[PDB]
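The file entry_20.txt contains compact mmCIF, C-alpha atoms and all ligand atoms:
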```
# COMPACT_ATOMS: atom_id res chain seq x y z
CA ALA Z 1 26.73 -24.35 15.74
CA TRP Z 2 24.22 -22.14 13.88
CA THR Z 3 21.36 -24.62 14.20
CA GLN Z 4 21.56 -23.93 17.93
CA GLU Z 5 20.97 -20.16 17.46
CA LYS Z 6 17.16 -20.44 17.48
CA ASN Z 7 17.47 -21.69 21.01
CA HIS Z 8 19.04 -18.54 22.25
CA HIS Z 9 17.40 -16.13 19.87
CA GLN Z 10 16.00 -13.13 21.61
CA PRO Z 11 13.39 -10.71 20.30
CA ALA Z 12 14.24 -7.08 19.81
CA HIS Z 13 11.43 -5.24 21.57
CA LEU Z 14 9.53 -2.45 19.95
CA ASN Z 15 8.91 0.69 21.91
CA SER Z 16 5.64 2.52 22.19
CA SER Z 17 6.20 4.39 18.95
CA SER Z 18 7.18 1.42 16.83
CA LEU Z 19 4.22 -0.44 18.37
CA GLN Z 20 1.92 2.41 17.35
CA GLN Z 21 3.41 2.21 13.80
CA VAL Z 22 2.67 -1.48 13.69
CA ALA Z 23 -0.85 -1.04 14.98
CA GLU Z 24 -1.43 1.78 12.36
CA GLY Z 25 0.11 -0.07 9.54
CA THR Z 26 -2.32 -3.00 9.33
CA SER Z 27 -5.79 -2.57 7.90
CA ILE Z 28 -8.38 -5.22 8.76
CA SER Z 29 -10.70 -3.99 6.01
CA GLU Z 30 -8.00 -4.14 3.33
CA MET Z 31 -7.08 -7.63 4.57
CA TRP Z 32 -10.75 -8.51 4.48
CA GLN Z 33 -11.37 -7.25 0.98
CA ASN Z 34 -8.13 -8.17 -0.63
CA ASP Z 35 -6.74 -11.13 1.22
CA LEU Z 36 -9.53 -12.86 2.99
CA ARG Z 37 -12.64 -12.67 0.78
CA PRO Z 38 -11.06 -14.26 -2.26
CA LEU Z 39 -10.21 -17.24 0.05
CA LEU Z 40 -13.81 -17.61 1.30
CA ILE Z 41 -14.55 -20.26 -1.27
CA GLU Z 42 -14.60 -23.98 -1.20
CA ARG Z 43 -11.02 -24.96 -1.61
CA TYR Z 44 -10.60 -28.53 -0.54
CA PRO Z 45 -7.69 -30.16 -2.34
CA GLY Z 46 -8.25 -30.54 -6.07
CA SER Z 47 -11.26 -28.29 -6.02
CA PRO Z 48 -11.35 -25.28 -8.42
CA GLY Z 49 -11.22 -23.14 -5.32
CA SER Z 50 -7.96 -24.79 -4.29
CA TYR Z 51 -6.32 -23.47 -7.42
CA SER Z 52 -7.99 -19.99 -7.10
CA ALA Z 53 -6.92 -19.84 -3.52
CA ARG Z 54 -3.35 -20.90 -4.33
CA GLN Z 55 -3.14 -18.33 -7.13
CA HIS Z 56 -4.59 -15.64 -4.92
CA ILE Z 57 -2.13 -16.33 -2.14
CA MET Z 58 0.73 -16.31 -4.51
CA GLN Z 59 -0.47 -13.21 -6.33
CA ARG Z 60 -0.79 -11.39 -3.05
CA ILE Z 61 2.69 -12.29 -2.06
CA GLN Z 62 4.20 -11.55 -5.43
CA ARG Z 63 2.68 -8.06 -5.64
CA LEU Z 64 4.70 -7.09 -2.54
CA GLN Z 65 8.00 -5.33 -2.59
CA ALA Z 66 9.82 -7.72 -0.37
CA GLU Z 67 11.64 -10.30 -2.41
CA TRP Z 68 9.46 -13.24 -1.54
CA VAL Z 69 10.45 -16.33 -3.36
CA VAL Z 70 7.28 -18.31 -3.92
CA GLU Z 71 7.36 -22.06 -4.47
CA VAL Z 72 4.58 -24.59 -4.70
CA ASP Z 73 5.33 -28.05 -3.32
CA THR Z 74 2.89 -30.13 -5.43
CA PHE Z 75 2.64 -33.93 -4.94
CA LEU Z 76 0.11 -36.68 -4.89
CA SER Z 77 -0.71 -38.57 -1.82
CA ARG Z 78 -3.20 -41.24 -1.12
CA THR Z 79 -6.30 -40.16 0.62
CA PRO Z 80 -9.44 -42.22 1.46
CA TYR Z 81 -10.72 -41.21 -1.97
CA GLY Z 82 -7.64 -42.30 -3.79
CA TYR Z 83 -4.57 -40.37 -4.85
CA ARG Z 84 -5.06 -36.60 -4.83
CA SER Z 85 -2.87 -33.71 -5.68
CA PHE Z 86 -1.81 -31.20 -3.06
CA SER Z 87 0.19 -28.03 -3.35
CA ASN Z 88 1.79 -26.48 -0.37
CA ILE Z 89 2.73 -22.88 -0.94
CA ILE Z 90 6.00 -21.72 0.49
CA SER Z 91 6.94 -18.05 0.39
CA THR Z 92 10.46 -17.29 1.53
CA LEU Z 93 12.40 -14.15 2.14
CA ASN Z 94 16.12 -14.66 1.81
CA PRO Z 95 15.98 -18.31 0.82
CA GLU Z 96 19.80 -18.43 1.42
CA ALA Z 97 19.45 -17.38 5.02
CA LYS Z 98 20.25 -20.30 7.27
CA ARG Z 99 17.34 -19.46 9.62
CA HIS Z 100 13.74 -18.52 9.06
CA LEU Z 101 10.92 -17.68 11.38
CA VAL Z 102 8.08 -19.55 9.73
CA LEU Z 103 4.43 -18.50 9.86
CA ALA Z 104 2.01 -21.02 8.56
CA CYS Z 105 -1.57 -21.74 7.99
CA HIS Z 106 -3.41 -24.34 5.96
CA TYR Z 107 -5.16 -22.97 2.97
CA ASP Z 108 -7.29 -25.95 2.09
CA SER Z 109 -10.76 -26.13 3.33
CA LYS Z 110 -12.20 -29.34 4.60
CA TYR Z 111 -14.09 -31.43 2.13
CA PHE Z 112 -17.65 -32.08 2.89
CA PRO Z 113 -20.03 -33.82 0.53
CA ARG Z 114 -21.85 -31.21 -1.45
CA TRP Z 115 -25.35 -31.96 -0.21
CA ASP Z 116 -27.03 -28.59 -0.69
CA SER Z 117 -26.07 -25.22 -2.16
CA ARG Z 118 -23.79 -24.23 0.70
CA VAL Z 119 -20.15 -24.97 0.88
CA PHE Z 120 -17.78 -25.12 3.72
CA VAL Z 121 -15.28 -22.39 3.36
CA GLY Z 122 -13.55 -22.63 6.78
CA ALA Z 123 -13.40 -18.88 7.40
CA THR Z 124 -11.55 -19.48 10.62
CA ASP Z 125 -10.14 -22.67 9.42
CA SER Z 126 -8.08 -21.29 7.98
CA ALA Z 127 -8.91 -18.61 5.52
CA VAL Z 128 -8.48 -15.93 8.23
CA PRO Z 129 -5.12 -17.34 9.35
CA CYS Z 130 -3.93 -17.35 5.73
CA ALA Z 131 -5.35 -13.86 5.12
CA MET Z 132 -3.53 -12.81 8.30
CA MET Z 133 -0.27 -14.05 6.96
CA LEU Z 134 -0.89 -12.21 3.75
CA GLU Z 135 -1.87 -9.07 5.66
CA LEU Z 136 1.25 -9.45 7.72
CA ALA Z 137 3.40 -9.71 4.69
CA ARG Z 138 1.74 -6.64 3.23
CA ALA Z 139 1.64 -4.53 6.45
CA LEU Z 140 5.31 -5.33 7.12
CA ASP Z 141 6.37 -5.20 3.53
CA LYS Z 142 8.74 -2.27 3.79
CA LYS Z 143 10.54 -3.60 6.84
CA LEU Z 144 10.61 -7.13 5.50
CA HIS Z 145 11.89 -5.70 2.22
CA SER Z 146 14.87 -4.32 4.13
CA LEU Z 147 15.92 -7.89 5.04
CA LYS Z 148 17.43 -8.05 1.49
CA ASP Z 149 20.38 -6.06 2.94
CA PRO Z 150 21.47 -13.35 12.73
CA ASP Z 151 21.26 -14.89 9.29
CA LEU Z 152 17.50 -14.94 9.79
CA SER Z 153 14.50 -14.11 7.73
CA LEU Z 154 10.87 -15.01 7.29
CA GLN Z 155 9.02 -17.77 5.57
CA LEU Z 156 5.29 -18.31 5.14
CA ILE Z 157 3.87 -21.71 4.45
CA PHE Z 158 0.30 -22.25 3.31
CA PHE Z 159 -0.20 -25.97 3.76
CA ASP Z 160 -2.56 -27.74 1.56
CA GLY Z 161 -4.40 -30.88 2.69
CA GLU Z 162 -4.32 -30.19 6.43
CA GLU Z 163 -7.87 -31.50 6.66
CA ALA Z 164 -8.98 -35.09 6.62
CA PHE Z 165 -10.95 -36.11 3.58
CA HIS Z 166 -13.06 -38.53 5.49
CA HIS Z 167 -12.28 -38.95 9.16
CA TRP Z 168 -9.39 -37.28 10.91
CA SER Z 169 -6.57 -39.75 11.40
CA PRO Z 170 -2.83 -39.77 10.96
CA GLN Z 171 -3.34 -41.37 7.52
CA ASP Z 172 -6.07 -38.93 6.71
CA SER Z 173 -4.82 -35.46 7.73
CA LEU Z 174 -1.83 -33.27 7.35
CA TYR Z 175 -1.09 -34.33 3.87
CA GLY Z 176 0.64 -31.13 2.94
CA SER Z 177 2.56 -30.68 6.16
CA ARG Z 178 3.58 -34.32 6.32
CA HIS Z 179 4.82 -34.05 2.85
CA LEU Z 180 6.61 -30.78 3.33
CA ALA Z 181 8.24 -31.67 6.65
CA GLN Z 182 9.60 -34.75 4.91
CA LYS Z 183 10.77 -32.67 1.97
CA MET Z 184 12.52 -30.11 4.19
CA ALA Z 185 14.16 -32.99 6.02
CA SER Z 186 15.61 -34.17 2.66
CA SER Z 187 16.61 -30.68 1.70
CA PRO Z 188 20.03 -29.82 2.94
CA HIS Z 189 20.26 -26.27 4.14
CA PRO Z 190 22.23 -24.16 3.45
CA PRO Z 191 22.78 -25.79 0.08
CA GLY Z 192 25.95 -28.05 0.25
CA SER Z 193 25.74 -28.17 3.96
CA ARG Z 194 26.34 -31.84 4.91
CA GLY Z 195 24.28 -32.53 7.91
CA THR Z 196 21.76 -29.68 8.12
CA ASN Z 197 18.44 -29.43 6.30
CA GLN Z 198 15.62 -26.91 5.95
CA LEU Z 199 14.07 -28.19 9.15
CA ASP Z 200 17.16 -27.03 11.00
CA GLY Z 201 16.63 -23.71 9.40
CA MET Z 202 13.19 -23.39 10.97
CA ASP Z 203 13.80 -21.21 13.97
CA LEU Z 204 10.22 -21.32 15.01
CA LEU Z 205 7.10 -22.52 13.29
CA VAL Z 206 4.19 -20.31 14.27
CA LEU Z 207 1.13 -22.08 13.05
CA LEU Z 208 -2.05 -20.10 13.00
CA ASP Z 209 -5.27 -22.01 13.00
CA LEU Z 210 -8.90 -21.42 13.94
CA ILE Z 211 -8.69 -17.70 14.15
CA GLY Z 212 -11.47 -15.33 13.50
CA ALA Z 213 -14.07 -16.16 16.14
CA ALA Z 214 -14.78 -13.70 18.94
CA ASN Z 215 -12.96 -14.45 22.20
CA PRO Z 216 -10.39 -17.00 21.11
CA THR Z 217 -7.95 -18.29 23.66
CA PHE Z 218 -4.63 -19.69 22.49
CA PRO Z 219 -3.07 -22.27 24.82
CA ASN Z 220 0.61 -22.50 25.40
CA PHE Z 221 1.41 -25.97 24.25
CA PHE Z 222 5.15 -26.29 24.38
CA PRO Z 223 7.77 -25.74 27.07
CA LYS Z 224 10.26 -25.23 24.24
CA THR Z 225 8.56 -22.08 22.93
CA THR Z 226 6.91 -20.84 26.08
CA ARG Z 227 9.13 -17.73 25.98
CA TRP Z 228 7.68 -16.92 22.61
CA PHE Z 229 4.21 -17.54 23.92
CA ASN Z 230 5.11 -15.12 26.69
CA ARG Z 231 6.12 -12.57 24.08
CA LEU Z 232 2.67 -12.82 22.55
CA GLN Z 233 1.16 -12.25 26.00
CA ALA Z 234 3.43 -9.25 26.63
CA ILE Z 235 2.56 -7.86 23.19
CA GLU Z 236 -1.19 -8.29 23.72
CA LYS Z 237 -0.78 -6.57 27.05
CA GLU Z 238 1.34 -3.60 25.88
CA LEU Z 239 -0.74 -3.16 22.80
CA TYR Z 240 -3.77 -3.25 25.01
CA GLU Z 241 -2.24 -0.70 27.36
CA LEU Z 242 -1.32 1.66 24.55
CA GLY Z 243 -4.99 1.67 23.45
CA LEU Z 244 -3.91 0.01 20.19
CA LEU Z 245 -6.27 -2.95 20.31
CA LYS Z 246 -9.92 -2.76 19.70
CA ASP Z 247 -12.89 -4.17 21.53
CA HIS Z 248 -10.64 -6.16 23.72
CA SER Z 249 -9.68 -5.95 27.34
CA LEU Z 250 -7.29 -8.23 29.17
CA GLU Z 251 -10.31 -9.62 31.06
CA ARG Z 252 -9.99 -12.62 28.76
CA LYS Z 253 -6.52 -12.37 27.31
CA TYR Z 254 -6.09 -14.11 23.96
CA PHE Z 255 -2.90 -15.53 25.28
CA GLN Z 256 -3.79 -17.36 28.40
CA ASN Z 257 -1.37 -19.85 29.68
CA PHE Z 258 -3.29 -22.32 31.84
CA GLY Z 259 -0.36 -24.70 31.71
CA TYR Z 260 1.02 -26.68 28.85
CA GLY Z 261 -1.98 -27.36 26.60
CA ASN Z 262 -2.64 -30.93 25.51
CA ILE Z 263 -1.35 -31.02 21.96
CA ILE Z 264 -3.90 -30.64 19.18
CA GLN Z 265 -2.97 -32.38 15.90
CA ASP Z 266 -2.37 -29.91 13.10
CA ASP Z 267 0.16 -29.09 10.46
CA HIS Z 268 2.86 -28.44 13.06
CA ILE Z 269 3.01 -32.08 14.13
CA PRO Z 270 5.22 -33.42 11.28
CA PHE Z 271 7.59 -30.53 12.14
CA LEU Z 272 7.38 -30.83 15.87
CA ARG Z 273 8.11 -34.54 15.42
CA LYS Z 274 11.48 -33.55 13.89
CA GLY Z 275 12.23 -31.18 16.82
CA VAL Z 276 11.22 -27.99 15.03
CA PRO Z 277 10.17 -25.55 17.63
CA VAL Z 278 6.52 -24.74 17.36
CA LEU Z 279 4.23 -22.05 18.50
CA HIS Z 280 0.76 -23.35 17.78
CA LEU Z 281 -1.69 -20.51 17.64
CA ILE Z 282 -4.94 -22.40 17.45
CA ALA Z 283 -8.01 -21.25 19.38
CA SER Z 284 -9.02 -23.64 22.00
CA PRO Z 285 -11.77 -24.21 22.61
CA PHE Z 286 -12.57 -24.43 18.93
CA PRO Z 287 -15.18 -21.98 17.64
CA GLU Z 288 -18.78 -23.20 17.87
CA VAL Z 289 -18.72 -22.92 14.07
CA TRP Z 290 -15.82 -25.35 13.67
CA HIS Z 291 -16.33 -27.61 10.65
CA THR Z 292 -19.83 -26.31 10.14
CA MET Z 293 -21.15 -24.21 7.29
CA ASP Z 294 -21.37 -21.28 9.61
CA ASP Z 295 -17.63 -21.11 9.70
CA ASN Z 296 -18.14 -18.31 7.32
CA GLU Z 297 -17.54 -14.63 6.81
CA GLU Z 298 -20.55 -13.56 8.81
CA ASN Z 299 -19.33 -15.25 11.96
CA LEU Z 300 -15.91 -13.71 11.82
CA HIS Z 301 -15.11 -11.03 14.38
CA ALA Z 302 -13.06 -8.38 12.70
CA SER Z 303 -11.65 -6.65 15.76
CA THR Z 304 -10.35 -9.89 17.08
CA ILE Z 305 -8.53 -10.64 13.84
CA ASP Z 306 -7.27 -7.06 13.66
CA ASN Z 307 -5.95 -7.30 17.25
CA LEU Z 308 -4.24 -10.54 16.50
CA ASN Z 309 -2.83 -9.09 13.29
CA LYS Z 310 -1.27 -6.33 15.41
CA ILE Z 311 0.02 -8.80 17.96
CA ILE Z 312 1.48 -11.19 15.45
CA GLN Z 313 2.97 -8.48 13.32
CA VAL Z 314 4.71 -7.10 16.40
CA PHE Z 315 5.87 -10.62 17.31
CA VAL Z 316 7.31 -11.06 13.86
CA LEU Z 317 9.07 -7.67 13.71
CA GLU Z 318 10.48 -8.28 17.12
CA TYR Z 319 11.62 -11.74 16.23
CA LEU Z 320 13.28 -10.45 13.08
CA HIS Z 321 14.73 -7.37 14.82
CA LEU Z 322 12.90 -5.10 12.45
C1 LIG Z 401 11.52 3.76 19.30
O1 LIG Z 401 12.37 3.02 18.47
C2 LIG Z 401 12.50 3.70 17.24
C3 LIG Z 401 12.95 2.70 16.20
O2 LIG Z 401 14.09 2.05 16.67
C4 LIG Z 401 13.30 5.02 17.45
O3 LIG Z 401 13.64 5.73 16.27
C5 LIG Z 401 14.93 5.36 15.75
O4 LIG Z 401 15.98 6.25 16.14
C6 LIG Z 401 17.28 5.99 15.59
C7 LIG Z 401 18.29 7.00 16.14
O5 LIG Z 401 17.82 7.49 17.37
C8 LIG Z 401 17.26 5.95 14.05
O6 LIG Z 401 18.58 5.80 13.51
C9 LIG Z 401 18.67 6.26 12.14
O7 LIG Z 401 18.22 5.26 11.21
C10 LIG Z 401 17.88 5.78 9.93
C11 LIG Z 401 17.21 4.71 9.05
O8 LIG Z 401 16.05 4.19 9.67
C12 LIG Z 401 19.15 6.35 9.28
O9 LIG Z 401 18.79 7.01 8.09
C13 LIG Z 401 19.96 7.26 10.23
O10 LIG Z 401 21.25 7.45 9.70
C14 LIG Z 401 20.06 6.76 11.69
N1 LIG Z 401 20.64 7.78 12.57
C15 LIG Z 401 21.96 7.94 12.87
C16 LIG Z 401 22.36 9.06 13.80
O11 LIG Z 401 22.86 7.23 12.43
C17 LIG Z 401 16.24 4.85 13.71
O12 LIG Z 401 16.11 4.57 12.34
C18 LIG Z 401 14.87 5.27 14.23
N2 LIG Z 401 13.86 4.34 13.75
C19 LIG Z 401 12.70 4.68 13.17
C20 LIG Z 401 11.83 3.53 12.74
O13 LIG Z 401 12.32 5.84 12.98
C21 LIG Z 401 12.38 5.91 18.26
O14 LIG Z 401 12.93 7.15 18.63
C22 LIG Z 401 12.01 5.21 19.55
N3 LIG Z 401 11.06 6.01 20.30
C23 LIG Z 401 11.32 6.28 21.58
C24 LIG Z 401 10.31 7.10 22.34
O15 LIG Z 401 12.34 5.89 22.15
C1 LIG Z 402 -6.42 -30.30 23.27
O1 LIG Z 402 -6.89 -31.50 22.60
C2 LIG Z 402 -7.74 -31.58 21.53
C3 LIG Z 402 -7.48 -32.69 20.78
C4 LIG Z 402 -8.25 -32.95 19.68
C5 LIG Z 402 -9.26 -32.11 19.29
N1 LIG Z 402 -9.86 -32.54 18.18
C6 LIG Z 402 -9.23 -32.61 16.99
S1 LIG Z 402 -9.98 -33.17 15.73
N2 LIG Z 402 -7.98 -32.18 16.82
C7 LIG Z 402 -7.47 -31.97 15.48
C8 LIG Z 402 -7.97 -30.64 14.90
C9 LIG Z 402 -7.35 -30.48 13.52
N3 LIG Z 402 -7.89 -29.27 12.86
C10 LIG Z 402 -7.46 -28.00 12.92
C11 LIG Z 402 -8.29 -27.28 12.09
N4 LIG Z 402 -9.16 -28.15 11.50
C12 LIG Z 402 -8.88 -29.36 12.00
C13 LIG Z 402 -9.57 -30.93 20.01
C14 LIG Z 402 -8.77 -30.68 21.15
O2 LIG Z 402 -8.96 -29.60 21.98
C15 LIG Z 402 -9.79 -28.49 21.78
ZN ZN Z 403 -10.61 -27.79 10.22
```

So that I can check it, write out the structure of this file as structure tokens.
Ligand SMILES: *[C@@H]1O[C@H](CO)[C@@H](O[C@@H]2O[C@H](CO)[C@@H](O[C@@H]3O[C@H](CO)[C@@H](O)[C@H](O)[C@H]3NC(C)=O)[C@H](O)[C@H]2NC(C)=O)[C@H](O)[C@H]1NC(C)=O
Ligand SMILES: COc1ccc(NC(=S)NCCCn2ccnc2)cc1OC
Ligand SMILES: [Zn+2]
Amino acid sequence: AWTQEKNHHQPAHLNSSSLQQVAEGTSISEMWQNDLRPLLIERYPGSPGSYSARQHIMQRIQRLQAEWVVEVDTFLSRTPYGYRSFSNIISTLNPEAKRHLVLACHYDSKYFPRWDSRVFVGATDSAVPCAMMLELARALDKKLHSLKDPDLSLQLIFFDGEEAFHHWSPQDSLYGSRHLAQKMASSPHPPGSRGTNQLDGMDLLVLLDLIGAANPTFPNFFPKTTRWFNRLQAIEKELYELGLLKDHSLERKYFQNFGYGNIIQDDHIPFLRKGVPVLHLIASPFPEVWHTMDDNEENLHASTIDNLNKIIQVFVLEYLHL
């Protein structure tokens, strides 16, 4: 059964040369200027910035050569402030492909009462993760473009409404991912399949969150995807050894497995709940700047994001056999 393929899917390793290509092909400063900065705005759901951010994300995807099919899953859901609109953004290569590797972030920024001139823009949470996805799509565009010709491709999801409006709780969090997981569960896939839905199609949900601080460490949360966590470790290591990372030794590997991490609630939960395999790339411990105004551009550490861009881009190419 094809739904079972994700369970045996193996990455196709890049050699030294293809790794050097990947490291050369991403530009942190182009991500910064073109993908990240336009997201460094207040963009809690329903805010002006939410729309700008959504448009930006979609523009950035659409300008690429790969044949990304962009959809916005817009819906209203009750929050502590009443019903609010949310729009997940889903960008899919080869929407007909039974399987997709899914990379995800949340693109909303947490609402805080506007009490002074500053606004919370959640640079790590998760503008950088989103900008990373965009950068990945761009850096890998030519290879990903070639997927037009395993029935497996790539999807990006930018969840809206990850953040609680008032106080984090299962009623007040994950609005976009709860909604979308539910939607994909009621979405047979491939179309006119009887018993399979888009969730079945999710080979792996790699959810990036809280990235952009110096010296992140990403726990390995799930036995199910430990082999993929291991691939990140291997990639970090080989990139390190090829002198393709910057300002980063393996003294404090990003990908440190100190045993199965205690699960952190985030947009993967509604998917994990349905048995979607998850790789949850959230920094833990959280950045000192977490949910403060200083989670901002200034406190971002570019080399770290650039390293992780290389690592993730390799992961993705290898997953996709590109
Ligand atoms: C690291 O891996 C690289 C990528 O896999 C190797 O380079 C690859 O070598 C293949 C043959 O040795 C190429 O096959 C060719 O593919 C192109 C399209 O990409 C076609 O036009 C050609 O017809 C085809 N050749 C034949 C005889 O049919 C791979 O495309 C090529 N890949 C890339 C990205 O250049 C590197 O050599 C390898 N490095 C080391 C040190 O092993
Ligand atoms: C490992 O166990 C943890 C459990 C709970 C928390 N605290 C919170 S609130 N978790 C939800 C975070 C949701 N999120 C993501 C981005 N913005 C908000 C921290 C943890 O370890 C560091
Ligand atoms: Zn947050």

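Closest approach to residue 218 in chain Z among Z:117, Z:284, Z:92, Z:155 is made by Z:284 (distances from only C-alpha atoms).
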
Using only C-alpha atoms and all ligand atoms, find each residue in chain Z having at least one atom no more than 6 Å away from ligand LIG 401 (chain Z); report its shortest atom-to-atom pair and that distance in Å (one decimal), rows by chain then rising number, as JSON lines.
```
{"residue": "Z:15", "atom": "CA", "partner": "Z:LIG401", "partner_atom": "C1", "distance": 4.8}
{"residue": "Z:17", "atom": "CA", "partner": "Z:LIG401", "partner_atom": "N3", "distance": 5.3}
{"residue": "Z:18", "atom": "CA", "partner": "Z:LIG401", "partner_atom": "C1", "distance": 5.5}
```

Go ahead and write the residues just picked, C-alpha atoms, as a short mmCIF file (atom, residue, chain, number, x, y, z; two decimals), keeping the file's coordinate frame.
```
data_model
loop_
_atom_site.label_atom_id
_atom_site.label_comp_id
_atom_site.auth_asym_id
_atom_site.auth_seq_id
_atom_site.Cartn_x
_atom_site.Cartn_y
_atom_site.Cartn_z
CA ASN Z 15 8.91 0.69 21.91
CA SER Z 17 6.20 4.39 18.95
CA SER Z 18 7.18 1.42 16.83
#
```

Please determine, counting all atoms listed in the file, which residue among Z:256, Z:20, Z:233, Z:3 has the shortest atom-to-atom distance to residue 217 in chain Z.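 So, comparing all the options, the nearest one is Z:256.
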
Find the residues of chain Z that sit at most 8 Å from ligand ZN 403 (chain Z); for each, write down the nearest two atoms and how far apart they are in Å, to one decimal. Count all atoms listed in the file. Sort by chain, then by number going up, and give it as CSV.
```
residue,atom,partner,partner_atom,distance
Z:109,CA,Z:ZN403,ZN,7.1
Z:110,CA,Z:ZN403,ZN,6.0
Z:122,CA,Z:ZN403,ZN,6.9
Z:125,CA,Z:ZN403,ZN,5.2
Z:126,CA,Z:ZN403,ZN,7.3
Z:162,CA,Z:ZN403,ZN,7.7
Z:163,CA,Z:ZN403,ZN,5.8
Z:210,CA,Z:ZN403,ZN,7.6
Z:290,CA,Z:ZN403,ZN,6.7
Z:291,CA,Z:ZN403,ZN,5.7
```

Keeping only C-alpha atoms, write those residues as a short mmCIF file (atom, residue, chain, number, x, y, z; two decimals), in the frame of the given file.
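File written: result.cif
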```cif
data_model
loop_
_atom_site.label_atom_id
_atom_site.label_comp_id
_atom_site.auth_asym_id
_atom_site.auth_seq_id
_atom_site.Cartn_x
_atom_site.Cartn_y
_atom_site.Cartn_z
CA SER Z 109 -10.76 -26.13 3.33
CA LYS Z 110 -12.20 -29.34 4.60
CA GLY Z 122 -13.55 -22.63 6.78
CA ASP Z 125 -10.14 -22.67 9.42
CA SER Z 126 -8.08 -21.29 7.98
CA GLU Z 162 -4.32 -30.19 6.43
CA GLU Z 163 -7.87 -31.50 6.66
CA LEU Z 210 -8.90 -21.42 13.94
CA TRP Z 290 -15.82 -25.35 13.67
CA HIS Z 291 -16.33 -27.61 10.65
#
```

What are the nearest atom pairs, with distances in Å to one decimal, for all residues of chain Z that come at most 10 Å from ligand LIG 402 (chain Z), using only C-alpha atoms and all ligand atoms, set out by chain and rising residue number as a tab-separated table?
```
residue	atom	partner	partner_atom	distance
Z:105	CA	Z:LIG402	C11	9.6
Z:106	CA	Z:LIG402	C11	8.4
Z:108	CA	Z:LIG402	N4	9.8
Z:109	CA	Z:LIG402	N4	8.6
Z:110	CA	Z:LIG402	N4	7.6
Z:122	CA	Z:LIG402	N4	8.5
Z:124	CA	Z:LIG402	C11	8.6
Z:125	CA	Z:LIG402	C11	5.6
Z:126	CA	Z:LIG402	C11	7.3
Z:162	CA	Z:LIG402	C12	7.2
Z:163	CA	Z:LIG402	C12	5.8
Z:164	CA	Z:LIG402	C12	7.9
Z:167	CA	Z:LIG402	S1	9.0
Z:168	CA	Z:LIG402	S1	6.4
Z:169	CA	Z:LIG402	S1	8.6
Z:173	CA	Z:LIG402	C9	8.0
Z:174	CA	Z:LIG402	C9	8.7
Z:208	CA	Z:LIG402	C11	9.6
Z:209	CA	Z:LIG402	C11	6.1
Z:210	CA	Z:LIG402	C11	6.2
Z:211	CA	Z:LIG402	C11	9.8
Z:219	CA	Z:LIG402	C1	8.8
Z:221	CA	Z:LIG402	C1	9.0
Z:260	CA	Z:LIG402	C1	10.0
Z:261	CA	Z:LIG402	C1	6.3
Z:262	CA	Z:LIG402	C1	4.4
Z:263	CA	Z:LIG402	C1	5.3
Z:264	CA	Z:LIG402	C3	4.4
Z:265	CA	Z:LIG402	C7	4.5
Z:266	CA	Z:LIG402	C9	5.0
Z:267	CA	Z:LIG402	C10	8.1
Z:282	CA	Z:LIG402	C10	7.6
Z:283	CA	Z:LIG402	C15	7.8
Z:284	CA	Z:LIG402	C15	4.9
Z:285	CA	Z:LIG402	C15	4.8
Z:286	CA	Z:LIG402	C15	5.7
Z:287	CA	Z:LIG402	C15	9.4
Z:290	CA	Z:LIG402	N4	7.5
Z:291	CA	Z:LIG402	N4	7.2
```

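With distances restricted to all atoms listed in the file, Z:149 is the closest residue to residue 67 in chain Z from Z:24, Z:5, Z:35, Z:149.
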
List the spatial neighbours of residue 180 in chain Z as a PyMOL selection string - criterion: any atom at most 9 Å away, only C-alpha atoms, same-chain residues fewer than 5 positions off excluded. chain Z and resi 73+88+159+175+185+270-271

Proximity to residue 70 in chain Z - best of Z:313, Z:196, Z:10, Z:55, all atoms listed in the file: Z:55

d(CA of residue 56 in chain Z, CA of residue 179 in chain Z) in Å: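 CA of residue 179 in chain Z lies at a distance of 22.1 Å from CA of residue 56 in chain Z.
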
Could you tell me which of Z:269, Z:276, Z:322, Z:128 comes closest to residue 201 in chain Z if we count only C-alpha atoms? Z:276

Contacts of residue 69 in chain Z at 9 Å or less, counting all atoms listed in the file, minus same-chain residues fewer than 2 places along, as a PyMOL selection string? chain Z and resi 61-62+67+71+90-95

Residues of range 17-47 of chain Z at most 12 Å from range 293-305 of chain Z: nearest atom pair and distance in Å, all atoms listed in the file, as a tab-separated table:
```
residue	atom	partner	partner_atom	distance
Z:26	CA	Z:305	CA	10.8
Z:27	CA	Z:305	CA	10.4
Z:28	CA	Z:302	CA	6.9
Z:29	CA	Z:302	CA	8.3
Z:30	CA	Z:302	CA	11.5
Z:31	CA	Z:305	CA	9.9
Z:32	CA	Z:302	CA	8.5
Z:33	CA	Z:297	CA	11.2
Z:36	CA	Z:297	CA	9.0
Z:37	CA	Z:297	CA	8.0
Z:38	CA	Z:297	CA	11.2
Z:39	CA	Z:297	CA	10.3
Z:40	CA	Z:297	CA	7.3
Z:41	CA	Z:296	CA	9.5
Z:42	CA	Z:293	CA	10.7
```

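Using all atoms listed in the file, the smallest distance between any of Z:273, Z:316, Z:85, Z:244 and residue 144 in chain Z comes from Z:316.
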